[PDB]
Amino acid sequence: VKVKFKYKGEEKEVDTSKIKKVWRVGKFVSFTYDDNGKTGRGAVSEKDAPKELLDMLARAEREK
DNA sequence: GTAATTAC
DNA sequence: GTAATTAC
């Protein structure tokens with residue numbers, strides 16, 4: 002499942018297998034991901050987030 | 001400005 | 001400490 006989003010004006014697609022930290026900010030979901038040698042950042046509205054990303058969020062919230 | 005949390 | 005992210 003690819004999460005599609007624009008960040009710093011750049012269009013990106015990221016496989017969920019590369020997504021790491023996921024958290025909730027207001028009505029959007031923010032996350033980090035492995036971006037070949039560096040850790041990237043991205044965010045999408047909760048209403049546009051794919052189910053798998055929402056489940057990663059649920060799991061990260063329980064970890065606390 | 002705040003909301004969470006980060007890379008820079 | 002800034003800029004980034006969607007909404008309020």
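According to the deposited numbering, the residues represented by the first sequence are 2 to 65, in order.
C-beta: ideal position from N, C-alpha, C; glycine also.
Are the CB atoms of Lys48 and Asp35 within a distance shorter than 7 angstroms? no
Would you give the residue range spanned by the alpha helix (DSSP H) that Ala61 belongs to? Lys52 to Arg63
Supposed contact pair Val30 and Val15 - C-beta distance, whole angstroms, cut 8 angstroms: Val15 to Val30, Cβ: 13 angstroms. No contact.
Just to confirm the assignment, what range does the beta strand (DSSP E) spanning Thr33 have? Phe29 to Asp35
Count the other C-beta atoms from every protein chain shown that fall within 10 angstroms of the C-beta of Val4, then say buried if there are 16 or more, exposed otherwise. buried
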